[PDB]
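> PDB entry and its sequence, pasted below:
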Amino acid sequence: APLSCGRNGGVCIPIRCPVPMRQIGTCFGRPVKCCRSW
């Protein structure tokens with residue numbers, strides 16, 4: 001689905017998750033991902 005990160009509750013960062021933030025889901029499919037500290 002588009003956007004995504006709603007159920008996960010995180011931000012949609014493209015490319016890869018920037019540390020120390022950890023990935024917590026995906027966004028727009030596989031191009032963007034969800035990233036959160038907790």
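Yes, it's here. Residues are numbered from 1 along each chain as shown.

> my guess is residue 8 contacts residue 36. True?
Yes - here residue 8 reaches residue 36: they are 7.4 Å apart, a contact under C-beta atoms under 8 Å. Placement of C-beta: from N, CA and C, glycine included.

> shared neighbours of those two, anything?
Here residue 8 and residue 36 have residue 24 as joint contacts, going by C-beta atoms under 8 Å, 6 or more residues apart in numbering.

> of all residues in the protein, which one is nearest the centre?
Residue closest to the mean C-alpha point of the chain, counted by C-alpha atoms, centre = their mean, is residue 34 at 0.8 Å.

> residues near the residue nearest to that one when sequence neighbours are not counted, how many?
Nearest residue to residue 34, sequence neighbours excluded (C-beta to C-beta, 6 or more residues apart in numbering): residue 25, at 3.2 Å. By the measure other C-beta atoms under 10 Å, the count of residues near residue 25 is 17.

> go on, the one 4 residues further on?
Residue 29 has 10 neighbouring residues, counting by other C-beta under 10 Å.

> quick one, phi psi at it?
Residue 29 adopts backbone torsions of phi 100, psi -120, taken as degrees, to the nearest 10.

> how near is it to residue 17?
Between residue 29 and residue 17 the distance, using C-beta to C-beta, to the nearest Å, works out to 16 Å.

> sorry, back to before: ok, the residue nearest to residue 34 - contacts?
Listed by C-beta under 8 Å, 6+ apart, the contact partners of residue 25 are 4, 5, 7, 8, 10, 33, 34.
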